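# Observations on the model geometry
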2 protein chains.
Amino acid sequence: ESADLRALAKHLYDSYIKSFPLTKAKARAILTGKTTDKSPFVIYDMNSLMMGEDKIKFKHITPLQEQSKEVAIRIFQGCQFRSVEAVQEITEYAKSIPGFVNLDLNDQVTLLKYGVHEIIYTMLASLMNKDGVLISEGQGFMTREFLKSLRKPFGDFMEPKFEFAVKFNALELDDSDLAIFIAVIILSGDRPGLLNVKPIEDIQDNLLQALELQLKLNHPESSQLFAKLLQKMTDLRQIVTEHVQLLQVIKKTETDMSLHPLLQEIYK
Amino acid sequence: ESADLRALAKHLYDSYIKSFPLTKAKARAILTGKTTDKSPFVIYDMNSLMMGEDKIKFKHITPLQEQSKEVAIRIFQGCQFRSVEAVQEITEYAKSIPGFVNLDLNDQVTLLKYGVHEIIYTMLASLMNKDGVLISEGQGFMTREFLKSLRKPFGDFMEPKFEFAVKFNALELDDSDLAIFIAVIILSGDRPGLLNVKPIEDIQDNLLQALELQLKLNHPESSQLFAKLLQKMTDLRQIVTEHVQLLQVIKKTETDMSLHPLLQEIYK
Ligand SMILES: CC(C)c1ccccc1-c1ccc(O[C@@H](Cc2ccccc2)C(=O)O)cc1
Ligand SMILES: CC(C)c1ccccc1-c1ccc(O[C@@H](Cc2ccccc2)C(=O)O)cc1
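Residues numbered from 1 in each chain as written, not as in the entry; some residues may be left out. Chains lettered and ligands numbered in written order. Heavy atoms only, no water.

### Digging into the overall build of chain A
Convention followed: The numbering of helices and of strands both runs from the N terminus, where a helix is a DSSP run of H or I of at least 4 residues and a strand a run of E of at least 2. As a reference, a globule follows 2.2 Å times the number of residues to the power 0.38, and the radius of gyration itself is taken over C-alpha atoms. Residues count as neighbours in contact if any of their non-hydrogen atoms are within 4.5 Å of one another. Residues scored as charged are limited to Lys and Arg (positive) and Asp and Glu (negative), so that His and the chain ends carry no count. A single reference atom marks each charge: NZ on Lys, CZ on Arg, CG on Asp, CD on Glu.
Broken down by element type, chain A carries 12 helices and 4 strands. Taken against the 2.2 N^0.38 rule, which gives 18 Å for 268 residues, the C-alpha radius of gyration of chain A at 19 Å falls within 12% of a compact globule. Each principal axis of the C-alpha distribution contributes one length, and for chain A these read about 65 × 45 × 30 Å. Excluding contacts between residues fewer than 6 apart, the proportion of contacts in chain A whose partners are at least 24 apart in sequence is 74%. Each charge sign in chain A was given a centre, from 32 positive and 36 negative side chains, and these centres are 3 Å apart.

### Some points on the relation of the copies chain B and chain A
As a reminder, the rule being used: Copy-to-copy alignment rests on a least-squares fit of C-alpha positions.
Mapping chain B onto chain A is achieved by rotating through 177° and translating by 0.1 Å along the same axis, at an RMSD of 2.4 Å. The relationship between the two copies is best expressed as a two-fold rotation axis. For chain B, the minimum C-alpha distance to the rotation axis belongs to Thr234(B) and amounts to 2.4 Å. Take the interface residues of chain B: 94% of them recur as interface residues in chain A, which is what a same-surface contact looks like.

### Comments concerning the side chain of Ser15(B)
Residues and elements named next belong to chain B. To keep it simple, the criterion reads: Each polar contact in these results corresponds to two N or O atoms within 3.5 Å; when the atoms are within protein, one needs to be able to donate a hydrogen and the other to accept it, and residues that are neighboring in sequence are counted only if both atoms are side-chain atoms.
Mapped onto the fold, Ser15 is located in helix α1 (residues 2-19). Within the local environment of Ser15, its side chain forms a polar contact with the side chain of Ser96, the two groups lying 2.6 Å apart. Ignoring sequence-local partners within four residues, the contact set of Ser15 consists of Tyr93 and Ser96.

### Looking at the site of ligand 1
All names here are of chain B. Formally: Near is defined per residue: the residue qualifies when any heavy atom it owns lies within 4 Å of the molecule or strand.
By nearness alone, 16 residues border ligand 1, and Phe76, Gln80, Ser83, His117 and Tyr267 come closest of all. In the environment of ligand 1, an oxygen atom lies 3.2 Å from a nitrogen or oxygen atom belonging to the side chain of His243. Within the side chain of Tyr267, one N or O atom sits 2.3 Å away from an oxygen atom of ligand 1. Contributions of two or more residues to the shell around ligand 1 are made by α4 (71-95), α5 (105-123) and α10 (225-253). Residue contributions to the shell around ligand 1 peak at 5 residues, all from α4.

### Overview of the packing of aromatic side chains
All names here are of chain B. Counted only if it meets this: Whether two aromatic rings pair depends on their centres lying within 6.5 Å, for rings of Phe, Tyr and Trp, where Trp uses its six-membered ring; planes under 30 degrees apart make the pair stacked, over 60 edge-to-face, and the rest tilted. Relative accessibility decides the category of a residue: with a 1.4 Å probe and only protein chains considered, values under 20% of the type maximum give buried, values over 50% give exposed, and everything between is partly exposed.
Evaluated as defined, the whole model comprises 17 aromatic pairs over all chains. Taken together, a centroid distance of 4.9 Å and an interplanar angle of 70° make the contact between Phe76 and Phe154 edge-to-face. Of this pair, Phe76 sits in helix α4 while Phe154 sits in the loop between α6 (144-148) and α7 (159-168); the two residues are 78 residues apart in sequence, bridging distant segments of the chain. Overall, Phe154 belongs to the buried group, its relative accessible area being 3%.

### Comments concerning the pairing of strand β3 (residues 132-135) of chain B
Residues and elements named next belong to chain B. Our working rule: Two strands make a pair as long as DSSP finds a minimum of two bridges between them.
Across 2 bridges, strand β2 (residues 128-129) lies against β3 in antiparallel orientation. By the bridge assignment, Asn129 is partnered in β3 with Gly132. Here β2 folds back onto β3 in antiparallel fashion, the turn holding 2 residues. The loop that links β3 with its antiparallel partner strand β4 (residues 140-143) comprises 4 residues; one of these, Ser136, has a positive phi angle of about 50°.

### Some remarks on helix α2 (residues 24-31) of chain B
Residues and elements named next belong to chain B. To keep things clear, this is the line we draw: Here the arc refers to the set of directions running from the helix axis out to each C-beta atom.
The set of residues buried in α2 consists of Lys24, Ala27, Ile30 and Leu31. All buried residues of α2 lie within an arc of 130° about the axis, which places them on one face of the element. Summarising the contacts, the buried residues of α2 are in contact with α1, β2, β3, β4 and α8 (175-186).

### Quick look at the site of ligand 2
Residue and element names in this part refer to chain B. Threshold: Residue burial considers only the protein chains on display, and all accessible areas are found by Shrake-Rupley using a 1.4 Å probe. Amino acid classes used here: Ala, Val, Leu, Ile, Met, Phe, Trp, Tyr, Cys and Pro are nonpolar; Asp, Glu, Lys and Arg are charged; the rest, including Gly, are polar.
Taken together, 13 residues surround ligand 2, and among them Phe58, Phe76, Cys79, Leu124 and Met158 come closest. The backbone of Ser136 places a nitrogen or oxygen atom 3.0 Å from an oxygen atom of ligand 2. Within the complex, the protein chains bury 92% of what would otherwise be the 570 Å² of accessible surface of ligand 2. For the shell around ligand 2, the element with the highest residue contribution is α4, accounting for 3 residues. Residues of the shell around ligand 2, tallied by class, amount to 9 nonpolar, 2 polar and 2 charged.

### Things to note about the interface of chain B and chain A
Selection criterion: Note: buried area is the sum, over both parts, of the accessible area (probe 1.4 Å) each one loses when the two are combined. Any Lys or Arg side-chain nitrogen found within 4 Å of a carboxyl oxygen on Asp or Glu counts as a salt bridge.
On the chain A side, the residues contacting the 18 residues of chain B number 21 residues. When chain B packs against chain A, close to 1700 Å² is buried across both sides, 45% of that on carbon and sulfur atoms. Of all residues in chain B, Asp190(B), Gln224(B) and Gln231(B) give up the largest surface area on contact with chain A, accounting jointly for 29% of the area buried on that side. The salt bridge partner of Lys228(A) is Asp205(B), with a shortest N-O separation of 3.9 Å. Inspection of the region where chain B meets chain A yields 5 residue pairs in polar contact. Elements supplying a minimum of two residues to the side of chain B that touches chain A: α9 (198-218) and α10 of chain B. In terms of residue count, α10(B) provides more of the side of chain B that touches chain A than any other element does, 10 residues in total. Partitioned by chemical class, the residues of the side of chain B that touches chain A number 5 nonpolar, 8 polar and 5 charged.

Shown next, in the form of C-alpha cells:
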C-alpha cells in the first residue's frame, strides 16, 4: 500500500535526522549556499593547514610539520578516524530499519561489515562540492585544490571521489530521499557469507518500494530518477573497490613501528 | 505514453531477433535435454574436445597440442573470434536503437568501446547453466569443469562468468526483456570520455521507461525485477575489470599471442 510506503519513509527519515548530526541540508547551507551564520575555516594551502589545525576542533595531532611526521598521512588517517566515528552512527541507524534487528546476528554484522564503505562515500558526497569538502562537523573546508595535491600515494586517492560526488550530487537528492537509499544499500542480499537471504531481500523489497514512491512524489518532474539512482551503485562499488586497492598499498609507507599497537587496532 | 512504450519494445525486440542468431529461447530449448530435435555434443575432457573437432565445425587442431598450440590456447583463440562476431552483431543492433546513429560520431564509438563486453557476458548467460556453456551456434556444450581445469591462467578466465550467469539467469528474463536491457547498457552516459552526454541520458531515460513497463507486464508476479535487474549492472562492471587484467597477463607470457585489432582497440 501507498500509505505504508509513506510511513516507512517518515520513520526512516526521523531516525536518520537523529543518527546524523550534520544533514545534507545543513552541509549545503554552509557550502555554496549562502546561509552564512558562521563561515568555516578554509584550508587551501600547506601553511593554511597548519594554521588551523591549532584551533580547528580536531582530536589527534597538532600542527607539527618538519622532520616530525608528514602531512599527506596525517590527512588520510584523519579520514579513517572520523569514518570510524561515522560507523557507530550508521550501525545505530541500521537498527532503526524495520526488521533489521530481528535478523540473525551473524547477518546483521555481515550486512554492516560490507555496507559501511558504501554508506560512508554516499554521505561524504553530501559534504562535497566541485571545489571541496567540509571537514570537522563542518567547522572547516578542505579545498579540492589542496587535496588533489599532497604527495604521491594519496593525491591519486581523493580526486576520483570528487568525480563521483559531482555526478551523484547532480541528482539533487535530499535527506528524505537519502535516508531510504541508505537503507536499501544496507539491506542488500549479495554480501558474501549471509546465512539467510530471504528476510533481507524481503525487507529491501519494501525499502525499494518506499524509495521509488519517495522519488516519485519528491521529484515528480524527474524522469527515471529511481533507475538513475540505482545504477549509481556501481559507481560506489568501484569507488569502494578502488579504496581498498589503495588502502592496501598504504601498507608500504608508515608501517613497522611499535607505537601503533592499540591504535592500528582501533582502525583495522 | 505507454502505447508508445510498447512500440519501442517491439522495435528493439525485432532488431534483437534480426541481429542475434542465437536467442535465449533457442538456447534454452537446446539446453533442456528435453527438445532433442538436435542436442549438443558434450566436451568434458581431452578426448571429448578431441573427438569434438569431427562432430562440429572446429577449424581448430585436433591432434597434439602441448607442442603445437596447446588446447588451452585453441580454446581461447576461438573465444576471441566469437568475441569479434558478437561485437559485429552488437554493433549492428546499436544502429537500430532510436537516436543512436544521430549522436556525435565520436561517442558512438565510445558507447561501443565500453558497452560491447557488458552485453556480451549478459547474453553469454543465455548459453549457460551451472554446468557449462553452448559453443559453435549451440552445436556443442563445454563443461564448466573442463574449462576450469586448464592451465594456471586460462583455467580461471571462465569461472567468473559462470558465477554471474547462474545468478543472472535466476531473474528468468527472456529475449524480449534482454532486448530493452541491452539497449540501456549501451545508452549509458556515465561512460568515460563522452563529448555530449545529455543527448544520451534522454535516450536511456526513454529505454528505461520501456524496460520498466516491459517488466511489469512480462513479469507481474514479481517485485522489483526492474531494480534487481539494474543492480545486476555492477556485476557486469566487476567482471570487466577482472577480465581485462587477466587478459593483460596472457599478453606478456604469450608474446606470440595477439589480439584482434577491433578488440584490441576496444581494450583500455
Ligand atoms: C583468453 C585470452 C588470453 C585470449 C588469448 C588469445 C586470443 C584471444 C583471447 C581472448 C581473451 C578474452 C576474450 O574475451 C572477449 C570478450 C568475449 C568473451 C567471451 C565471449 C564473447 C566475447 C574479448 O576480450 O573481447 C577474447 C579473446
Ligand atoms: C565465455 C567467455 C567469457 C570466455 C571467457 C574466457 C575464456 C573463454 C571464453 C569463451 C567465450 C566464448 C566461447 O565460445 C566459443 C567456444 C569454442 C571453442 C573452441 C571451438 C569452437 C567454439 C564458440 O562458441 O565458438 C568459448 C569460450
